[PDB]
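J.: What would the 3D arrangement of this be:
(chains A, B and C)
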Amino acid sequence: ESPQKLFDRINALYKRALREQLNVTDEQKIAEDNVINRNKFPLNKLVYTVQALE
Amino acid sequence: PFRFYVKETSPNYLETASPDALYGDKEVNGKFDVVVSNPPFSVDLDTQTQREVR
Amino acid sequence: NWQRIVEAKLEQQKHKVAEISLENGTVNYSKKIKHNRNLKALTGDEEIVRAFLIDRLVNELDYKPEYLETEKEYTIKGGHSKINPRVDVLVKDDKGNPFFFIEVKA
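T.: Numbers count the residues shown, from 1 in each chain, chains lettered A, B, ... in the order given. I have put the structure below:
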């Protein structure tokens, strides 16, 4: 499945993580925040990390 | 301020506060047993973060 | 409709400080306020106008939400021994001095 789908469905997990794990209250701070920069960390490395750690 | 630390759960010892006559009529969380830390050696606060802690 | 225009205006700003919906007990703040007496009551028209005050102060008027104060209790001689006349809302400064001593009614 397309790497963009993995990126989106992992960013959803991470945004939900900054509400009970790191308990960030500002909903605008929940947005504009991502797992990876998409430029420092290519998506293929994220896919490999998911494959290894799943 | 002690009210700024909310976890999600019920036991949140680092949330309560109360004035103390012997200490500048300021907030005291007299609940922690021991304090171990390694504070930074040189804190140079912001011109606006300074005003919020006096 | 202005009773609903209040929340129409207060639910279109990015900086969420107060929430009004006129539904079942939808009233909360950022907790950056020094809230001491428990809200989530919606008893009367007082709460809606108080929330509009909070929105008008934190935004627009440019006051830090950490400086403000809501429903502050003080122990005075009192007409009634339990009421303890309570400051409806207040705007302090960085030194703790109350700048705006505001009482808000219906």
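
J.: Could you pull out the strands in the chain for me?
T.: Defaulting to chain A. Shown for chain A, no strands are assigned by DSSP state E.

J.: right idea, wrong chain: chain B
T.: Secondary structure of chain B (DSSP E): strands at B:19-20, B:26-27.

J.: Show me what the last one is packed against.
T.: By that I understand strand B:26-27. When contacts are defined as 3 or more CB pairs under 8 Å, 6 or more residues apart in numbering or on different chains; DSSP states H and E, strand B:26-27 packs onto strand B:19-20. The C-beta positions use only the backbone N, C-alpha and C, and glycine is treated the same way.

J.: longest helix anywhere in chain C?
T.: helix C:46-58 (DSSP state H).

J.: Can you list the buried residues in the following helix or strand past it?
T.: The first helix or strand that comes after helix C:46-58 along the chain, using DSSP states H and E, is strand C:68-73. For strand C:68-73, the neighbour count (16 or more other CB atoms under 10 Å in any protein chain shown) marks C:68-72 as buried.

J.: same question, stretch A:32-45
T.: Applying 16+ other CB under 10 Å to stretch A:32-45 flags residue A:36 as buried.

J.: out of the buried residues of strand C:68-73, who's near chain A?
T.: Among the buried residues of strand C:68-73, none lies close to chain A by the criterion of CB under 8 Å from any CB of the partner chain.

J.: Show me what the longest helix of chain C is packed against.
T.: helix C:2-10, strand C:68-73, strand C:86-91.

J.: looking at those, which is closest to residue B:20?
T.: Relative to residue B:20, the nearest member of the helices and strands packed on helix C:46-58 by CB to CB is strand C:68-73, separated by 18.3 Å.

J.: which strands and helices sit next to that closest one?
T.: The contact analysis (3+ CB pairs under 8 Å, 6+ apart) places strand C:68-73 against helix C:46-58, strand C:86-91.
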